[PDB]
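In what follows, every chain begins at residue 1, and chains take the letters A, B, ... in the order their sequences are listed.
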Amino acid sequence: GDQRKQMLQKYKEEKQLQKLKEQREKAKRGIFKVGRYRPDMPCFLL
Amino acid sequence: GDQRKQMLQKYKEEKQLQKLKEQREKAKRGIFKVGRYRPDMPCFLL
Amino acid sequence: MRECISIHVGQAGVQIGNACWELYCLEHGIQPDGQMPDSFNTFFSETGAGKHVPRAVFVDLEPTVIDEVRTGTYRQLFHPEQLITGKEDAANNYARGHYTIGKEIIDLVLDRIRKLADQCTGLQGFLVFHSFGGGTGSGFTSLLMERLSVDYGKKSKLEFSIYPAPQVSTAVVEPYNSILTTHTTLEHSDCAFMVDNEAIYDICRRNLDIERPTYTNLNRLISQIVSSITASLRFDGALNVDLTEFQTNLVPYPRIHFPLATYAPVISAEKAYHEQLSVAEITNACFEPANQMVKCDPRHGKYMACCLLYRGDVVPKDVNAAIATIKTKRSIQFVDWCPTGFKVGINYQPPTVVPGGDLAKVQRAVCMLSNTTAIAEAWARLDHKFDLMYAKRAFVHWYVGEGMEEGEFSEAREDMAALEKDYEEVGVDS
Amino acid sequence: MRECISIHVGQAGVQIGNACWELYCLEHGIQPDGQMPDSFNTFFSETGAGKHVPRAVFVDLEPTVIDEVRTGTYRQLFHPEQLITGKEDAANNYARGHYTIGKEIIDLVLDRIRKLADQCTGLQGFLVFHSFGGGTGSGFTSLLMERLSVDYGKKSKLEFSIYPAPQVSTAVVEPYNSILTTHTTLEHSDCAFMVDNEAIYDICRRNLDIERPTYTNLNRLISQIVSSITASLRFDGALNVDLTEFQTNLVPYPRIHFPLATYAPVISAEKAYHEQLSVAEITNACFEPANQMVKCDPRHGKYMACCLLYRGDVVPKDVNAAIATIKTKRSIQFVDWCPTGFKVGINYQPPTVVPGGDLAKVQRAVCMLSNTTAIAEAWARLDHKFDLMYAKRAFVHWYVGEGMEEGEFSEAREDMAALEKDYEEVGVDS
Amino acid sequence: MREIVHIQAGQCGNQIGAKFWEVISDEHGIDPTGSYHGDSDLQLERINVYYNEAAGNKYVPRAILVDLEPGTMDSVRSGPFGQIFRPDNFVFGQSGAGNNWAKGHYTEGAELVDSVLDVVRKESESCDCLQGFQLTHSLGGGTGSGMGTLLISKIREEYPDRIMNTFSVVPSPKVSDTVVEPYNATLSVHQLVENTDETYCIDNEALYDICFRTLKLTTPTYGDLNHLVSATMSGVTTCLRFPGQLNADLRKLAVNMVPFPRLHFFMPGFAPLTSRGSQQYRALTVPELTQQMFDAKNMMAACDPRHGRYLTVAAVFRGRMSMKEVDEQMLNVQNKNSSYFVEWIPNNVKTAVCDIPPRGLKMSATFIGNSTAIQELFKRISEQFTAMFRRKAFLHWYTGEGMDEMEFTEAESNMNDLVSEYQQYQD
Amino acid sequence: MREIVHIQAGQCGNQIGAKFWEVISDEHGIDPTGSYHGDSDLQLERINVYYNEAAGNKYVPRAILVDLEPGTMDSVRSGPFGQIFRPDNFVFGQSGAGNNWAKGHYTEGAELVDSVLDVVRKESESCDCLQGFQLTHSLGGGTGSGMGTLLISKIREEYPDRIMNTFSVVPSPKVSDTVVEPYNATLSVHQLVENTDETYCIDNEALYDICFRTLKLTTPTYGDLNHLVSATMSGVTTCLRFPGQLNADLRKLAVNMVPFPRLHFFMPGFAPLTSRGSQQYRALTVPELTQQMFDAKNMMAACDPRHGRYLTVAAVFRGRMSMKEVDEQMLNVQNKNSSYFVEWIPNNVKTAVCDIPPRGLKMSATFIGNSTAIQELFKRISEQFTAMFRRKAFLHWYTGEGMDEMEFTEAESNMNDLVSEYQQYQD
Ligand SMILES: Nc1nc2c(ncn2[C@@H]2O[C@H](COP(=O)(O)CP(=O)(O)OP(=O)(O)O)[C@@H](O)[C@H]2O)c(=O)[nH]1
Ligand SMILES: Nc1nc2c(ncn2[C@@H]2O[C@H](COP(=O)(O)CP(=O)(O)OP(=O)(O)O)[C@@H](O)[C@H]2O)c(=O)[nH]1
Ligand SMILES: Nc1nc2c(ncn2[C@@H]2O[C@H](COP(=O)(O)OP(=O)(O)OP(=O)(O)O)[C@@H](O)[C@H]2O)c(=O)[nH]1
Ligand SMILES: Nc1nc2c(ncn2[C@@H]2O[C@H](COP(=O)(O)OP(=O)(O)OP(=O)(O)O)[C@@H](O)[C@H]2O)c(=O)[nH]1
Ligand SMILES: [Mg+2]
Ligand SMILES: [Mg+2]
Ligand SMILES: [Mg+2]
Ligand SMILES: [Mg+2]
């Protein structure tokens, strides 16, 4: 049973690695988005 | 490939020369042409 | 969308298809001339102005059963390229249906199937009809299966077959054709349903108390089965079942795709009044050994997965109650590795009754398709008959004379032997 | 303007012209006597008060067909000096129609064409109808080609021809005439179309389910093709294809101008009711090797240009969809040097149905003209027939007896060999 | 303003969401045509939490209707209030998963998920202060379970700091619908463990049981079940939608009911639920609401709370009510049943009070309970999967679209870990 | 007075111009006969920019009608609003180019072009102060491409200090209806690069995509495509024709959209575009106009803007609305999508706002974008040309009218140079 759980851990690590690789590839160029403004908070004397 | 681009440059030069010759021939006598007055601007003390 | 193309091969397939299309025309309001005075788009293609043509192709190497359609009351429903005839009948020969006569007519029917499937935009699969013992319905059906598999591939292939009865069969060379066609059925079909003629005979004799029933009642009952199959797709219900869904919930292993279709309730006009037909009792009657439309004993087998296709005034309440009561019964026992083995489908459309038919109208109807290990013994006796004929090399010269060898017989026999071992090893406890 | 002159030479040309002019009189409402009980100016010139005269010339060295026209229903349509008549036919001899019998009538046909051409102001081209096998349709058509080329020059010349079949062929000396006329058609014609009688018979017997088709059905189909080609000139539509536009889009190289015609839908009245005739299915049917108007397999060749001529209730939407689907299919091969290979024309005028005809009334119609390499093998089999007969010098003395040398046969053979070599060169990839 | 994007996947999710929109447009006074016809200004004070303003004083739901067959979309549109939805939000395929988690997650659902992501991106960017998403789907199907699970994964990848709500109906052994329920249930619970902020364990068995004994309803169709689930959803969101004497939006419930990030599976409940015969024999007061919501009968899961320990309990009340009365009722519940509540958390019961009661009821409440009784709901699914998994049953289908048995194995490892977590926090 | 002279070449150009005059006369209230019947005085205030005062309160368009087939002239005249045109301006040949660029540029365009220059001269001095010309044509054919291109060259020789807008329909890889599209497209682009100031790369396939998915139009004919093009090229000059809170003439857009002289191929767009079903489920606000404009799916080019960087974009807004909202929207688009915008040009957007919207819409917008994605729309043409040119395919025609292979080589070289320039500035 130890071999099965070691293979399970290896599979989980491989899946995490490929998911992280896909995320890194996606994060290089974000997708085109458009919405409302979200104005910046005004600055006050302090 | 350099021979082809040299021939292309020569062809462009010949075409430009012919076009310039045609322009010079046309510019000697402009076509008869009629429009509105386009009055001259008034002059002021300055 | 959700189209499905029906293919009818051989005399049995063509007659069952005639009954099926009569039933469908009654269901959707189409007159036999193809007019409607929506949901019919599953089987009928709308052409021009108010003209519906069925998505069917009828093929037989002899023209009699097709010329009946070409001159019958439904002659204007189809157009002539959906009705294909050969010159010489296969004459109860798998060889003639597969190699000699099938080769010059397969191209035309495949062209017709291509032209029909091009028109459809949501093709769900094929509904192929044939008989195991018929030479055409075995050989040409196998050829069309392999051509469809190499051509269409992932498209679902559902077929209905008339499995030869243990005592009753009209052909002497029946087991040869059955084994020869099933050797390719094992891989070129996604779900094969068998309906036994003796079982329909005694169901008509007992439930419908018909003393002298002909093939018309056979084909009407089979048409009711196929209509219940496609009712979840031609109408709406509180619980819908699709063909791929049907396969996924019914076929546990790639080689185990031979479920038993049983239908309920089948009753005459006079016995319908005295029975207050509830969902629970028709569900119980579906599991009753004498109502199975294959002559086998479910008591001696184990149910692996059963698909319950209800239609009519059916609610999930009494469906679940009936399923729980079936679970609590020890006579009907399922395999240990399938704790949940019931696939359920409820349709609001009640089953229509064809004029002149012996089936009385009922508010609720059930078409259980149970995949069980009890069908292994039918193939066991079929193998026994095949071995008895094959020990003396009887009728083998007929098949050999037109391009077949003993090697194909041996490999088909060992393929069925492997299939029997497969049922034995899937029916065993873990 | 946009007038085009139709020249009919030989028996085949005259009969196809009879069919064409019957169809055109039906199209524009012209009565057989030339009266209307605009758009006809392409083919008909209005003379005097309410009289229309076809812009055609009928020439045959034999009188029989021309006097059949002169006493038929359309005797009032043509004025007599357009219908040109010799004394003795060419008698299936290229030499007779080219050098001896054709030379005494060539001046009259040329000045009649001159009188017919200066009358119109926008002459677009010539539509020459003939047959390769016949002596007149080869020799005299050739002679008229050199005369038109030296006289009219840059003006377009669309030539319709009947090509001998591999099996269906009624002339023993046919290959000689076929080779000899192509040796001049190669340079004196701009886009010579190709039609084979055997393929037209095959189409009639499978699609139009006529057991016994004659030449009148053949000419009806050919006339439908010609009307589809000239509908852009004669009517208006979403996309208009001129004759020069046609040549520019269909002919890739100066010697490769022999496209394959085809037509779709070609169905009977009983067939059209059940079938749904959409743009996609007729577009697919134009590429079906069973529907080719010439007996040759497009699979063995590769397409180089296609001119989809749509007429009827056609929108560019599903035309583009059908062309994309054709592009996706791997069976229809296209050459690499033609990334776009579909010239498309949509017309609003539906195809008119001839009274008493075999074709059915349809909303849409397509005439696909494809410049494929599949015609190389038909030319090769014709060449095999020619040199088989030439090795024994059979029938050569007939040609030599009336002003023809031995060297012209060899030079025409070399010209056809060069044509095959050119097709092979343009077939190979880069 | 704290708006919620609603998503429906599969037939069950689509129908439950449709009934939810029915009941919530009744609550907010929106006619089937989408025009406001209410009486109180409170119906439009917070209309933006679910509805988007359209030109012409017309309201459209912020709902995305997703399925892999057009039949469910046609059924939703043709039904009542089906005209209120925006047509482009109807993102549908053409095949249907066919009770295949693989076909809904990898092969054909993943082909359609891009359009769903585009539409939810439109809905999230159009609105000002998004807070979270609601997804309604099943767990025994292939479309709902698998494709909605993929959708939740994508949304959490794109919106990691927004809450996730999922009203999931789970298979139960009594009302067993298909043969491949455990496969899809396990594969969906797997990713719902780490992707959903809080999940409601609904099942058809407990809803049927409610309709039988509490409602005394002879023939309850699916519409009644969807109505119960819709009432639960509305009671959960009423604090956002309507004011009260003590407000608690979904983040407050999340922080007061999820002591540890993997323990977010809840048993919903609604009070009052009455038969028509017994309506006039019952007083309508907070003590009887409290006794009804805490009854093991009123739970909407196949889970007996007496067999486990309540970690945290949420009771979202709706009506004009005393606060002393509710608080004393919570004390009585937590003191008479000190053995049924977890002991290292004092104050196991959270209270939220909204002053706008549901239509036709002067007083109502919603029960949400984070309990260790979810463990047997997961264990029955796990043991059914195990029974089907030694013999490698029906795996050829799922392996046909491109998974491996190792994915299944890690799924049951995750589910068994969740069961062990619930057991060890039960003590 | 900021006058525009309209020229139509080819069947496509003539039909698009017919729909353009339809929509223009609708905006300024000119009936089919040619007389004013509008209600607002702003319709007549700037009526001169496209029309000429006839005798008797009658207006005649400043349009030149050029073709080599009389059939298109007859079809245009017989259509609605076809009678407003001056019969003198109809300049037509008799033969037709037959999809031959060589013929329409050298052989039969040579003698037909003198009449067109005569008519455009008479129109040029008939006006007070013109700013440039507006040619409509397609690149696939020979009359359109070759005729309009030679015409463009002659105009720029005579009027080199005036604007020159070409709303030229370019061929597409999917919707290809002539076999020699690559030759004509390359030859025409060779001189559109150097002889015009703004080129709007309309294509048919993107118009079909708009009609399919945006408009949900079942059977889009050429009427709808020409309607789209007409609406866009009316919104381009609405600032000329109507008052606004921020004016922008053709020269101002030319300045703000052309950083370098060779990059003037723009990808146009329109907003709002709704189906009939989704008409009432959509709010009409500036943010959703911006959403539809900047959607890569709304473009009328065979280009994906996500595949390149926007150099400059133009938003010629129309209707009564606020400048604050418009300009913050443009800013927001630039901020969250800095990867899709060029970095050495801050404020990539230029904004114009007009007061009078298109009829039937209370506000609208016209998108114009100078993007680097045009490079691949030219690469597909270039590679089709290269495939057709290695084998000398179809070249005996073009060589037949005096053209030589050297002109094909220089056209290919010029197009490759422009593609290289766009790639260089994309980075
Ligand atoms: N409470 C409800 N349960 C429902 C409803 N409809 C179906 N179901 C139950 O959910 C299960 C069926 O799941 P779905 O029909 O949602 C399967 P889905 O469409 O998501 O996948 P495919 O059918 O494979 O495309 C089964 O237990 C049904 O009894 C409903 O309206 N309400
Ligand atoms: N968007 C539109 N494209 C059109 C329209 N009419 C034609 N076309 C397109 O134009 C292209 C061909 O150009 P034209 O038809 O204008 C050919 P032109 O008359 O300029 O030259 P010739 O006819 O070859 O002398 C082809 O892609 C057609 O689809 C129309 O109304 N709208
Ligand atoms: N249930 C049912 N079975 C039928 C019917 N007609 C024929 N069969 C069965 O078909 C078997 C023989 O095959 P057929 O269909 O008659 O003939 P075929 O398929 O054309 O093949 P060939 O014998 O070569 O002509 C018989 O054993 C019958 O059991 C029918 O109408 N209903
Ligand atoms: N398709 C078609 N082909 C025809 C028709 N009439 C003749 N032909 C073909 O014409 C070929 C022979 O040439 P003909 O037209 O008959 O004779 P011709 O052209 O007058 O030349 P001569 O024989 O010298 O008089 C035959 O092979 C036929 O195939 C017709 O009506 N339709
Ligand atoms: Mg038979
Ligand atoms: Mg003759
Ligand atoms: Mg489903
Ligand atoms: Mg033209």
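Counting heavy-atom pairs under 4.5 Å between each of D/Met304, D/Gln247, D/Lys327 and chain F puts D/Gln247 at the top. Note: D/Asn320 leads D/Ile323, D/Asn320, D/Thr244 in heavy-atom pairs under 4.5 Å with chain F. The choice from D/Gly345, D/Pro254, D/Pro252 that makes the most heavy-atom pairs within less than 4.5 Å of chain F is D/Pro252. When each of D/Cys306, D/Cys307, D/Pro316, D/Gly341 is checked for heavy-atom pairs under 4.5 Å with chain F, D/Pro316 comes out on top.
In this structure, F/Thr178 OG1 and D/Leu239 CG are separated by 9.5 Å, a value rounded to the nearest 0.5 Å. Note that the SG atom of D/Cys338 and the CE atom of F/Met388 stand 4.5 Å from one another [nearest 0.5 Å]. Between atom OH of residue D/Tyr253 and atom NZ of residue F/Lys392 there is a gap of 9.0 Å, rounded to the nearest 0.5 Å. How far CZ of D/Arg2 is from CD of F/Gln94: 13.5 Å, rounded to the nearest 0.5 Å. Atom CD1 of D/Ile346 sits about 7.5 Å away from atom CG of F/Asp177, to the nearest 0.5 Å.
In this structure, F/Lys379 places its NZ atom where only 12 or fewer heavy-atom neighbours from other residues, nucleotides or ligands lie under 6.0 Å away. Taking a 6.0 Å sphere around CD of F/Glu383, one finds it holds more than 12 heavy atoms contributed by other residues, nucleotides or ligands. Within 6.0 Å of CD in F/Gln83 there are 12 or fewer heavy atoms belonging to other residues, nucleotides or ligands. Heavy-atom neighbours of F/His227 NE2 from other residues, nucleotides or ligands within 6.0 Å: at or below the threshold of 12. The local environment of CZ in D/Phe235 is crowded, with over 12 non-hydrogen atoms from other residues, nucleotides or ligands closer than 6.0 Å.
Neither the backbone nor the side chain of D/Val241 comes within less than 4.5 Å of any heavy atom in chain F. With a 4.5 Å cut-off on non-hydrogen atoms, D/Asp336 touches chain F through its backbone and its side chain both. Only the side chain of F/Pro182 comes within less than 4.5 Å of a heavy atom in chain D; its backbone stays farther off. Residue contact with chain F, scored on non-hydrogen atoms closer than 4.5 Å, is absent for D/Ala324.
In this structure, the side chain of D/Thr248 engages the main chain of F/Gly98 through a donor-acceptor pair within 3.5 Å. Side chain of F/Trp397 to backbone of D/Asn249: no donor-acceptor contact under 3.5 angstrom is found. Checked by atom type and distance alone, the side chain of F/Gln11 pairs as donor or acceptor with a backbone atom of D/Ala238 at under 3.5 Å.
Minimum interatomic distance between F/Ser95 and D/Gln124 (heavy atoms only, all atoms of both residues): O-NE2, 4.1 Å. Taking all atoms of both residues into account, the shortest heavy-atom contact from D/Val428 to F/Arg391 is O-NH1, 3.1 Å. Here the closest non-hydrogen pair linking F/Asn99 and D/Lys343 is OD1-CE, 3.4 Å.
Heavy-atom neighbours of chain D within the stretch residues 211-221 of chain F, taken at a separation under 4.5 angstrom, comprise F/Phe212, F/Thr218, F/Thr219, F/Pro220. Within residues 185-194 of chain D, no residue has a heavy atom under 4.5 Å from a heavy atom of chain F.
Put simply, the side chain of F/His396 reaches to within 4.5 Å of the side chain of D/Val251, judged on heavy atoms.
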